[PDB]
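In structure tokens, one chain follows: the form deposited in one PDB entry.
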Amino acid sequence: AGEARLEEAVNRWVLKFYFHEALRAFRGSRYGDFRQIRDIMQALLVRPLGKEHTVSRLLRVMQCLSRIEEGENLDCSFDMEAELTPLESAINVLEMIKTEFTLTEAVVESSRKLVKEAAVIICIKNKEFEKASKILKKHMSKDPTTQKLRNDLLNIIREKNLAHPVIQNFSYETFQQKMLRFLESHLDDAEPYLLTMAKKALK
């Protein structure tokens, strides 16, 4: 079972390569390609990887981006025992990122606020007003940075006013790319080893 250390090394190379290409697809708004690469990484995760700090950090970011990418699909669940919307799950992953990456509350508060805003607004646009109130109460009633935002969303929910500028001016594309720029700023930017060896093979 020295072949086990061989597969572990290759699986790490493969995981890091497809993570690099998944970030590239997300950056280019090629979310279909991101989905397909995400599914490759999911299947690979059942295999032995040894372990790094790099793998744990990239899998957390991959976890967060995948929930954000599915955030407008309220039929999707990332915990079948829970009843969380995808963007609610993204909030929970962000908190795990804050703890495991040892980030301050000041560094994560703005981007976390963006997820809270999107989580409530998506429920509003699906006319899931009861879920929107539950997310609003849980995640904004205490957050000091979302007090004005909470004030606007409370009236939108009560009036069921999907035509409010807060709802209509919201851009999920802008939200997604802001989240990627934040998450990428906390990761190593090196090119994966498989990519470098591919460039030399095609020379």
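Don't overthink the numbering: it's just position in the shown sequence, from 1. Shifts are known only where both forms have a C-alpha. The term rigid core refers to the most C-alpha atoms you can superpose between the two forms while keeping them within 1.5 Å.
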Which is higher in the entry, the mean Cα B factor of 58-66 or that of 164-172?
164-172
Ranked by mean Cα B-factor in the entry, 40-48 and 144-152, top stretch is 144-152
Name the one of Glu88, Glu109, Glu72, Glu130 with the greatest CA B-factor according to the PDB entry.
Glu130
Highest CA B factor of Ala25, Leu194, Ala190, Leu180, as deposited, is found at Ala190
So where's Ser77 on the chain's Cα temperature factor ranking, which third?
middle
Chain thirds by Cα B factor, record data; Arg30 belongs to the lowest
Report the third (lowest, middle or highest) to which the CA temperature factor of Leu103 belongs, ranking only the modelled residues of the same chain.
highest
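The same protein has a further form, the form deposited in another entry, not shown here; the description that follows concerns it.
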After aligning the rigid core, which of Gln36, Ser141, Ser171, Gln42 is the one whose Cα travels 2 Å or more between this form and the one not shown?
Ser141
Once the core is superposed between this form and the one not shown, does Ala82 show a C-alpha displacement of at least 2 Å?
yes
Quick one: in the other entry, is the Cα gap between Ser141 and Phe101 smaller or bigger than here? Answer closer or farther; it shifts by 3 Å or more.
closer
Shorter or longer C-alpha distance for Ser141 and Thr104 in the other entry, given it differs from this form by 3 Å or more?
closer
Just list the residue ranges, at least 3 long, where Cα displacement is 2 Å or more throughout between this form and the one not shown after aligning on the core.
80-82, 141-146
